[PDB]
Novice: 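Have a look at the structure that comes next, please.
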Amino acid sequence: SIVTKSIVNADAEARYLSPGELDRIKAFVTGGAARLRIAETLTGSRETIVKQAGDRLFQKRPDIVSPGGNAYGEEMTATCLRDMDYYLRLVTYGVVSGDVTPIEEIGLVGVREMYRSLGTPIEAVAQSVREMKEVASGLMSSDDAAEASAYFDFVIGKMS
Amino acid sequence: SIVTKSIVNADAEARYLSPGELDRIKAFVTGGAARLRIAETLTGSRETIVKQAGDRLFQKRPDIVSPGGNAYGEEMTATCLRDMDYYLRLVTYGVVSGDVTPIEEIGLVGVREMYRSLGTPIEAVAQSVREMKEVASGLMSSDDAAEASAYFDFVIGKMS
Amino acid sequence: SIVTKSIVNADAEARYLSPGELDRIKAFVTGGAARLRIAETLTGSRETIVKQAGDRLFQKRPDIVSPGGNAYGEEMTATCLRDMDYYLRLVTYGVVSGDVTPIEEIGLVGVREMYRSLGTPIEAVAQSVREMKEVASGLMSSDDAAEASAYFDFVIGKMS
Amino acid sequence: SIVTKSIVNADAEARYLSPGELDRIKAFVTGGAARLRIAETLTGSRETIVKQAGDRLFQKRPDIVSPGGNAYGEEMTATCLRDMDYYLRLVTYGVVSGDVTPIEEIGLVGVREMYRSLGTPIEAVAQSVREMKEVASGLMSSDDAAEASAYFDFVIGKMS
Amino acid sequence: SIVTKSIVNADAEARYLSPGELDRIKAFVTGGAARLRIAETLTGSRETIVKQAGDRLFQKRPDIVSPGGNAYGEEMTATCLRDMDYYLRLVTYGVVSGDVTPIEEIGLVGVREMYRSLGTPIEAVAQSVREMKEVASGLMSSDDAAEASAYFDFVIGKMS
Amino acid sequence: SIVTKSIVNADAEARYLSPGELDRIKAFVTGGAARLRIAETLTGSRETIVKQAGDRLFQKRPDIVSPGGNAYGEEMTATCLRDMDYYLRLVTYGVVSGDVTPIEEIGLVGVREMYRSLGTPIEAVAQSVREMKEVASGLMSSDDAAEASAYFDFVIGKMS
Amino acid sequence: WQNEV
Amino acid sequence: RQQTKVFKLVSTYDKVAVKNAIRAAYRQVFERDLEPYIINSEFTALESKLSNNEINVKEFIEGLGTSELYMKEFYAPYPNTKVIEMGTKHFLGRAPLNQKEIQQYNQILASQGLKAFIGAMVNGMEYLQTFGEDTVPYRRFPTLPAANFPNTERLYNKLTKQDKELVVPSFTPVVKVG
Amino acid sequence: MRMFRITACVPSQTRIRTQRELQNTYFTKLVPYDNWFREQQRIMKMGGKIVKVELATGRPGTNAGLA
Amino acid sequence: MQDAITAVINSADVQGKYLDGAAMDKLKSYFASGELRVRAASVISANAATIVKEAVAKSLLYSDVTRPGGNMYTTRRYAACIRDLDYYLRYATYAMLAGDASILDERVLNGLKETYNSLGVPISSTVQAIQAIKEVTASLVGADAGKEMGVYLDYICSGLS
Amino acid sequence: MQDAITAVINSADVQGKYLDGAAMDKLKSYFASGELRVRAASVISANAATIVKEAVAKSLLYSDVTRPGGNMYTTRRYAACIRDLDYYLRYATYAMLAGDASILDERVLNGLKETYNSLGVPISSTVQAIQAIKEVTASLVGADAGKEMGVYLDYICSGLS
Amino acid sequence: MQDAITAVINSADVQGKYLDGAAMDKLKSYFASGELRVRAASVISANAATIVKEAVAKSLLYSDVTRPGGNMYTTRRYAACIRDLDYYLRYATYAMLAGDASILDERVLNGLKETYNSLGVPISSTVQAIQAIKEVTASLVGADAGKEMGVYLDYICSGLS
Ligand SMILES: *[C@@H](C)[C@H]1/C(=C/c2[nH]c(/C=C3N=C(/C=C4\NC(=O)C(CC)=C4C)C(C)=C\3CCC(=O)O)c(CCC(=O)O)c2C)NC(=O)[C@@H]1C
Ligand SMILES: *[C@H](C)[C@H]1/C(=C/c2[nH]c(/C=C3N=C(/C=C4\NC(=O)C(CC)=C4C)C(C)=C\3CCC(=O)O)c(CCC(=O)O)c2C)NC(=O)[C@@H]1C
Ligand SMILES: *[C@H](C)[C@H]1/C(=C/c2[nH]c(/C=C3N=C(/C=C4\NC(=O)C(CC)=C4C)C(C)=C\3CCC(=O)O)c(CCC(=O)O)c2C)NC(=O)[C@@H]1C
Ligand SMILES: *[C@H](C)[C@H]1/C(=C/c2[nH]c(/C=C3N=C(/C=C4\NC(=O)C(CC)=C4C)C(C)=C\3CCC(=O)O)c(CCC(=O)O)c2C)NC(=O)[C@@H]1C
Ligand SMILES: *[C@H](C)[C@H]1/C(=C/c2[nH]c(/C=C3N=C(/C=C4\NC(=O)C(CC)=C4C)C(C)=C\3CCC(=O)O)c(CCC(=O)O)c2C)NC(=O)[C@@H]1C
Ligand SMILES: *[C@H](C)[C@H]1/C(=C/c2[nH]c(/C=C3N=C(/C=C4\NC(=O)C(CC)=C4C)C(C)=C\3CCC(=O)O)c(CCC(=O)O)c2C)NC(=O)[C@@H]1C
Ligand SMILES: *[C@H](C)[C@H]1/C(=C/c2[nH]c(/C=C3N=C(/C=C4\NC(=O)C(CC)=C4C)C(C)=C\3CCC(=O)O)c(CCC(=O)O)c2C)NC(=O)[C@@H]1C
Ligand SMILES: CC1=C(/C=C/C(C)=C/C=C/C(C)=C/C=C/C=C(C)/C=C/C=C(C)/C=C/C2=C(C)C(=O)CCC2(C)C)C(C)(C)CCC1=O
């Protein structure tokens with residue numbers, strides 16, 4: 001959150017928050033209502049988002065679910081949808097917090113090494129996040145669509 | 001200026017001035033009419049607020065105007081009024097700019113050392129700035145008073 | 001003490017005392033008799049020295065007791081005189097010890113924070129210790145006066 | 001010179017010279033006549049004292065001039081005589097300075113590397129400077145024996 | 001040993017041993033029979049190797065045993081033989097291990113402090129180890145002479 | 001080269017090359033003949049290796065050559081074959097040098113950022129490097145192929 | 001002229 | 001480890017940034033704001049030199065280390081081992097690496113004093129590879145070598161003057177030579 | 001204390017740092033005499049080029065009085 | 001650093017006088033241009049990497065600079081150019097949004113020319129890349145914002161020149 | 001750094017000889033002057049803040065330099081100027097105590113002229129401030145002590161000029 | 001730095017073609033010379049301190065440099081000169097191992113000539129000291145390795161000249 005970053009910077013400089021930090025917190029608190037609305041919209045359609053995202057990803061990348069792929073079995077496809085649910089939850093966390101801090105701190109530091117250990121294609125996961133972004137933009141208002149697509153694009157770029 | 005502070009923060013993080021600061025700059029540039037109106041309100045009646053603030057400081061701190069004190073002489077008090085005029089002008093510059101960077105870059109960096117070489121009771125200067133803030137708040141219209149008081153009590157906080 | 005000061009400076013380079021430090025310790029141990037004689041001459045006239053110094057200061061700088069001043073209250077005049085006595089004790093400690101280390105360790109370091117927290121002017125109390133030095137030099141032998149005025153001068157200039 | 005050392009310490013502390021330093025240079029300047037007398041006596045009787053101390057060093061350590069030692073060969077013993085001359089001149093320089101800085105930086109700092117390159121038995125040079133100490137004490141007054149022996153002890157300890 | 005050196009070098013870069021390190025260890029372990037035989041040869045002639053090594057050293061630098069030298073009598077010459085057997089054992093340790101680090105761990109770290117606190121001319125110790133190398137190479141095969149001469153030469157270099 | 005690595009390692013410790021390091025350069029200069037033979041084998045069939053690896057990768061990754069892909073078009077395929085030739089040349093340089101430093105310095109540092117800017121899938125080029133690895137192994141002896149496999153897999157792992 | 005052995 | 005700020009003096013034109021970096025360097029080196037520990041700021045010359053960009057932030061850090069205040073605070077009241085711990089914590093950002101590092105730094109502190117220790121620990125290759133020539137040193141969270149992380153955590157998890165015990169007196173050798 | 005001023009350009013050979021780097025890439029700094037050997041050894045070992053060096057403070061050949 | 005607001009404030013402060021009608025007009029003009037500046041900065045930050053992509057593609061790629069023997073050869077040098085163009089685009093955006101070309105002087109042009117000379121970076125090719133970036137940004141962010149970016153890019157290349 | 005004693009020691013060290021009669025009388029002269037030099041240094045340290053205070057009062061205050069537009073306007077550079085004057089007084093006292101100007105050219109004048117020229121600090125105003133320092137110190141300590149104080153202060157003036 | 005293999009690789013890479021016959025001939029030459037280089041390196045690692053000692057003795061000791069007033073006077077400057085020659089010998093050995101002069105250029109000659117000029121070190125004297133190094137190392141390693149070690153020492157002297 002912007003509050004945490006501002007307090008960390010102030011503690012590093014060992015000073016009380018400046019007026020710029022304070023009115024930044026003011027604007028953040030004011031926009032918290034719309035951010036909560038977007039978070040609720042994404043949370044209420046979690047299963048739908050993950051389902052169409054997985055379907056579109058498998059249509060675009062059938063090799064991963066094919067025999068011999070990383071996500072062949074029904075358990076493997078369920079595990080893809082599980083990772084999808086994790087990343088959608090992290091996106092909702094970031095939307096609530098107004099920044100990409102929770103997303104990076106939870107599921108973006110060392111993700112490349114993790115999927116390399118599991119043999120998971122990073123590009124396929126990025127395409128999955130892109131499909132989620134498309135679905136959420138489709139079922140959500142344009143301004144809110146851009147606001148959530150900011151975090152979605154951050155996650156996608158972090159993957160790539 | 002708020003734009004300069006935002007650019008400094010982005011350069012510190014090596015960013016492109018993310019939308020969380022772009023919207024703040026947008027709001028500042030759109031609402032600058034009120035800030036500039038406060039600028040005329042402070043500038044036009046600067047002599048007034050300067051005089052009543054100096055008065056109130058002298059009732060609250062008459063020792064400084066006493067022959068033992070620093071302000072005695074009928075010209076040392078003139079120099080106190082001159083310093084208060086400079087601080088009011090700096091507050092106007094900060095209000096028009098949108099941040100406190102001109103405040104600190106003009107008259108807050110090393111102000112303690114500046115007043116230590118003159119024997120000035122710096123806390124009395126903070127009290128004078130407080131009196132100026134009170135007079136200005138009583139002279140302007142509510143929310144404008146709070147907007148100016150942010151920069152004012154920033155000045156007091158750095159001064160004490 | 002010159003002993004502890006020389007030991008600390010020696011251990012900073014991690015080697016035995018240099019010939020200069022040993023010679024200075026020679027002179028200090030030899031002149032400890034005269035230093036302690038100045039110790040009695042300062043310790044026996046504490047009430048008169050503080051009385052005359054504070055009284056004459058109160059007419060150098062009437063602002064200390066002027067209306068709204070730092071020490072308008074008779075209680076505050078006595079408090080300033082108690083600070084007088086503390087500083088005189090510390091200077092006597094330094095004179096007897098032969099080094100300015102006791103002054104620094106007891107009542108000099110952080111004094112600026114002291115007197116900004118309490119708001120007392122540093123310059124006025126520096127003039128206080130100057131009047132202390134003047135009265136003490138008046139009330140003792142010439143060489144004793146110079147030796148004690150060395151530490152008086154150190155405390156005055158170094159805190160001021 | 002102790003004046004340079006005191007100035008260096010004060011500059012390191014970013015403070016004017018303390019009363020201890022002022023007394024140190026005062027005692028040094030008032031007692032400069034004795035140091036000059038020691039310097040003149042050492043310069044006048046340098047040739048005999050160096051030869052006698054070299055003879056006593058030979059008597060302690062005949063192997064240095066045995067057929068295969070560093071001093072063997074009249075060239076290689078005249079070079080010992082010249083080295084003892086250099087160290088005696090360095091001690092004379094230090095006596096008129098009040099500190100050991102010229103001794104440290106002309107013949108002490110990096111002496112071990114030079115004598116390792118040349119193969120000289122540095123402990124033999126320590127015995128030689130010791131013998132210089134006894135010779136100087138014999139030729140020179142009792143009270144000045146302490147002052148000269150302090151510098152000789154410093155050179156022996158550092159160069160041992 | 002060489003295995004320890006390779007492990008440390010790999011640990012420095014935080015990686016597995018490279019194929020160069022692996023096949024170097026391969027060649028070393030395959031050829032270790034010759035190294036162990038050469039260590040046996042050096043061990044067997046230990047008494048004689050020390051005997052004519054010391055004899056040639058004293059004939060080359062009699063000052064260490066002459067009047068003024070470190071090892072005057074048969075007692076201190078026996079101490080020299082003791083240290084001489086120490087460094088012969090160190091060279092044998094290096095030959096069996098195949099790498100000089102154990103020598104550094106045993107008789108090369110702080111050796112200058114040892115032979116300065118004892119007054120022993122370290123150059124004479126280097127000459128004694130050189131007499132090691134000469135006589136030992138005299139009493140062994142030329143290729144084996146070079147194999148042992150590597151460690152004798154390293155000890156000589158650490159001497160000077 | 002191993003010579004450069006050993007020299008830098010010795011210099012960082014401020015010493016000379018240890019005996020074991022010297023044997024390592026001995027072994028490297030002995031094996032330089034086999035290294036140059038492997039270099040000849042790689043260089044002689046560079047065009048055939050590049051062509052076969054490119055065809056194999058195109059069959060395995062048709063998206064890059066498919067319409068809308070990075071390598072789509074005759075010119076793009078020619079450029080990718082040029083990149084393949086570049087990496088084969090780097091592998092030959094690494095083989096002749098005996099280490100991976102030239103490969104890393106010329107075409108392994110910043111490759112991720114470079115190909116991200118060019119819009120080239122890094123994993124596809126890593127697969128192409130793998131294919132060149134098998135093609136080179138097929139055209140080359142078992143020991144030579146094993147030696148070159150180290151550099152090939154280093155390039156693959158660093159880029160992948 | 002000697003050394004303490 | 002993530003909720004911190006790294007002070008890089010990118011440009012000396014911004015005087016406010018220079019002052020902030022100087023204060024942060026004071027806090028890191030001395031562990032505290034040096035208002036109640038000094039009569040007056042003795043590092044004014046170093047501040048002016050850094051503000052004119054005639055020296056780098058590494059030079060400022062070294063000057064802070066080679067100061068009478070540091071030897072008054074973290075060298076005078078502690079033995080050499082505690083001085084090694086505190087110095088490696090303040091400048092390098094982590095506890096001593098091993099017994100080799102402790103032996104070396106003890107050698108400098110026994111042969112040339114605290115100034116040589118500070119100069120060697122500041123001009124070392126690790127310092128430049130970690131903080132460069134413009135970054136004020138910051139607390140580190142190293143993973144290797146062994147026991148470096150626990151020692152650093154114990155060093156940094158206790159406030160200034162919390163206790164006089166030695167967190168890392170010396171690493172007990174598994175194998176004793178000779 | 002016989003100070004040097006050195007103008008040196010230290011490039012980056014391993015990492016592509018994404019933030020501004022002229023503050024430590026090409027810099028004119030002040031280094032003491034005692035530290036200068038170690039500083040120059042470090043700079044050379046880091047691949048940088050010593051563009052210029054001079055004795056800004058101090059007098060060459062001063063046998064005594066080098067503090 | 002100084003922007004239009006900071007420039008006006010400094011101009012008023014050097015005379016030690018409060019803001020007047022001329023300063024007010026300057027402030028209103030900057031506020032009016034602020035909408036264009038903010039939207040241009042946002043659009044540039046959205047796809048700055050793409051801007052660098054077609055900037056380098058049409059100016060340096062498949063040329064002597066990228067081929068062996070040029071200063072863009074090897075992946076490290078290519079990444080150095082990518083990061084340098086990112087620097088130039090980001091700082092041009094900073095200058096445009098601030099409205100004053102003071103960030104470039106004290107953060108980009110400060111020691112850049114001589115640094116390239118010491119490192120051997122060809123100045124002319126860098127200027128050509130800057131011109132390509134100018135054209136790409138002008139085509140991407142419109143005419144008025146395109147010209148506003150172009151003036152600062154020209155300032156950067158002239159300082160390099 | 002070197003004092004008169006160390007200067008004589010170095011001069012004799014260049015020829016590697018014992019101190020002759022010329023150095024003999026030089027050391028006598030320095031030791032004779034030290035009696036006055038110590039008192040002058042003590043008295044200067046007594047009011048080093050003061051002398052800077054009234055010197056700035058009579059030399060720079062209420063002038064165009066301290067007014068807006070002047071190079072002392074704004075509190076930061078005012079504090080910088082006061083700190084510079086404190087440096088000048090302290091290092092001139094150091095030179096007087098040491099009796100030799102090596103400390104002056106070695107610590108206070110290291111690039112000071114170039115720094116002042118680049119920063120735009122008015123050299124004439126600085127010289128006038130130093131002259132005020134010299135006059136105040138000479139009045140405070142005395143004619144002779146003020147004389148050797150002022151020779152070093154004029155050394156700072158010449159180095160800055 | 002670079003060695004023979006790295007030098008050949010860079011020379012081939014700058015025009016971006018594979019190692020042809022000439023490059024592999026040079027590689028064969030260096031591989032053949034590696035045995036001699038390793039042996040000479042072992043000898044010099046044996047007797048570096050000696051070679052420095054008799055080199056300075058036949059070039060510097062009992063001369064105008066070591067005497068008072070000379071740059072090598074005083075134990076401090078003597079130790080500095082000894083360390084300088086030690087580092088020169090070590091780096092010449094390093095270049096001999098590598099077979100390339102790059103290490104001397106980028107690790108021994110950048111910032112050293114003007115460092116001596118700033119310190120006033122006698123370049124003509126250090127040249128003769130390095131030549132003494134050349135002769136002493138030739139007397140030990142032999143003529144075959146002595147000529148190449150002299151080549152590297154001459155490179156050091158010419159860069160210092
Ligand atoms: C084909 C299967 C893969 C692929 C290749 C590809 N590369 C480019 C363009 C370039 N490649 C390079 C790379 C290098 N140049 C060097 O000097 C070195 C260091 C030794 C390397 C690695 C460069 C510089 C370019 C840019 C063009 C130029 O030659 O200057 C392309 C075309 C890119 C374009 O848009 O023109 C292609 C297709 N791309 C894939 O997707 C495959 C995985
Ligand atoms: C007199 C020369 C000046 C002055 C004095 C003054 N002091 C106080 C209050 C305090 N002064 C101190 C200072 C010290 N206590 C110590 O123990 C030491 C030495 C070891 C020092 C330097 C403290 C601690 C206090 C507060 C606590 C206490 O009084 O015990 C006051 C009162 C301030 C108030 O408004 O409360 C005054 C007036 N005032 C002047 O104007 C003189 C320059
Ligand atoms: C690329 C199209 C052209 C080119 C560029 C090039 N630059 C470097 C190296 C550096 N470039 C800079 C410049 C900056 N750093 C900054 O922080 C900023 C200001 C914010 C600028 C302008 C620096 C400092 C370096 C060196 C340090 C580093 O690499 O981080 C290189 C690499 C040089 C090398 O090999 O060392 C290159 C290739 N070269 C061309 O030929 C193109 C015309
Ligand atoms: C007044 C209520 C308090 C007070 C102040 C006081 N100040 C001076 C003199 C000067 N102070 C400054 C400096 C500044 N004034 C500003 O507004 C700012 C802008 C950032 C600064 C830095 C200056 C320039 C002067 C005069 C010098 C000049 O050239 O103009 C005095 C007079 C001091 C004297 O003895 O002359 C006074 C009295 N003192 C108090 O006691 C009040 C609490
Ligand atoms: C005062 C008499 C004049 C004056 C002063 C002034 N100086 C600066 C800035 C600097 N001054 C110095 C000088 C030194 N720093 C040191 O450490 C020492 C040696 C111990 C000296 C002599 C330096 C280095 C600077 C630059 C860094 C800094 O600002 O601290 C300023 C500020 C300039 C600016 O624009 O920032 C000023 C005002 N100005 C006058 O008008 C007087 C004549
Ligand atoms: C004599 C009892 C011991 C001894 C002496 C010895 N010295 C040399 C040669 C030199 N001595 C010096 C010393 C100094 N030069 C300086 O500038 C200073 C301070 C002023 C000192 C101490 C130097 C530099 C030399 C080199 C020759 C030259 O000066 O040109 C020798 C000759 C050794 C040789 O191999 O020629 C000797 C014998 N040797 C002992 O064993 C005694 C313990
Ligand atoms: C000896 C053959 C000559 C000589 C030597 C001498 N050197 C210095 C001082 C320094 N020498 C260096 C050398 C280097 N720095 C490097 O990075 C490299 C690469 C290995 C080298 C060779 C340095 C950095 C210094 C200054 C720092 C320091 O000395 O620690 C001196 C001292 C000069 C003085 O004290 O003023 C001397 C005497 N002098 C001669 O006359 C010989 C020709
Ligand atoms: C102690 C000590 C040492 C010094 C040691 C010393 C003093 C060493 C010196 C030893 C000496 C003096 C050796 C003499 C060697 C002479 C030879 C080989 C000449 C032979 C001539 C011949 C065969 C000619 C024959 C002839 C021929 C063929 C003719 O044609 C006809 C006639 C003729 C006769 C000419 C060291 C320096 C080692 C270390 C330090 C130290 O203190």
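In the text below, chain A, chain B and the rest are named by the order of the sequence lines, each starting its count at 1. Every number for a ligand or one of its atoms is a count from 1 in the order of the listing.
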Novice: Against ligand 2, does C:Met84 come closer than 4.0 Å with any heavy atom?
Specialist: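 Within the 4.0 Å threshold, so yes.
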
Novice: Only heavy atoms of C:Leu118, strictly under 4.0 Å: list the atoms of ligand 2 that pass.
Specialist: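 What qualifies from ligand 2 is 9 (C), 10 (C), 11 (N), 23 (C), 25 (C), 26 (C).
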
Novice: Which option, C:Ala126, C:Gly107, C:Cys80, owns the non-hydrogen atom nearest atom 2 (C) of ligand 2?
Specialist: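 Closest candidate by heavy-atom distance is C:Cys80.
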
Novice: Which of the numbered atoms in ligand 2 are below 4.0 angstrom from a heavy atom of C:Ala124?
Specialist: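 Those qualifying, in numeric order: 43 (C).
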
Novice: Is there a heavy atom in L:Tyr78 that sits closer than 4.0 Å to ligand 7?
Specialist: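 The answer is no: ligand 7 sits nowhere under 4.0 Å from a heavy atom of L:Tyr78.
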
Novice: Less than 6.0 Å separating the ring centroids of L:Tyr94 and L:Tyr91?
Specialist: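 Close enough - the centres of the two rings lie under 6.0 Å apart.
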
Novice: Name the residue from F:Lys51, F:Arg56, F:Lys60 that meets the salt bridge (charged side-chain N to carboxylate O under 4.0 Å, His left out) definition with F:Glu131.
Specialist: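 The residue from F:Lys51, F:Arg56, F:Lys60 that satisfies salt bridge (charged side-chain N to carboxylate O under 4.0 Å, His left out) with F:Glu131 turns out to be F:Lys60.
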
Novice: If we only count N/O pairs under 3.5 Å, is C:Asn70 in contact with ligand 2?
Specialist: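 It does: an N or O of C:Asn70 is found under 3.5 Å from an N or O of ligand 2.
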
Novice: Is L:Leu112 touching ligand 7 with its side chain, its backbone, both, or neither, if touching means heavy atoms under 4.0 Å apart?
Specialist: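 Side chain only.
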
Novice: Which bit of L:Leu119 gets closer than 4.0 Å to ligand 7, counting heavy atoms only: side chain, backbone, both or neither?
Specialist: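 Under 4.0 Å from ligand 7, L:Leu119 contributes side-chain atoms alone.
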
Novice: Could you see which bit of L:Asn71 sits under 4.0 Å from ligand 7, with heavy atoms only: side chain, backbone, both or neither?
Specialist: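 It is both backbone and side chain that touch ligand 7.
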
Novice: Answer yes or no for L:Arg90: is there a heavy-atom contact with ligand 7 below 4.0 Å?
Specialist: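 The answer is no, since L:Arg90 has no heavy atom less than 4.0 Å from ligand 7.
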
Novice: Is there at least one pair of N or O atoms, one from C:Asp83 and one from ligand 2, spaced under 3.5 Å apart?
Specialist: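 N/O-N/O distance below 3.5 Å exists for this pair.
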
Novice: Once you restrict to heavy atoms under 4.0 Å, what part of F:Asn70 touches ligand 1? Side chain, backbone, both or neither.
Specialist: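 Both of them.
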
Novice: Please work out, at 4.0 Å between heavy atoms, whether the side chain, the backbone, both, or neither of F:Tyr115 comes within that distance of ligand 1.
Specialist: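 Contact part for F:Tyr115 vs ligand 1: side chain (C-beta onward).
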
Novice: Under 4.0 Å from ligand 2, counting heavy atoms only, is it the side chain of C:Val125, its backbone, both or neither?
Specialist: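 The answer is both.
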
Novice: Is the distance between the ring centroids of I:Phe37 and L:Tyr87 less than 6.0 Å?
Specialist: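 Yes, they do, as the ring centres are separated by less than 6.0 Å.
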
Novice: Hey, which atoms in ligand 1 end up nearer than 4.0 Å to a heavy atom of F:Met114?
Specialist: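 Listed by number with element: 12 (C), 13 (C), 14 (C), 15 (N), 21 (C), 23 (C), 24 (C).
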
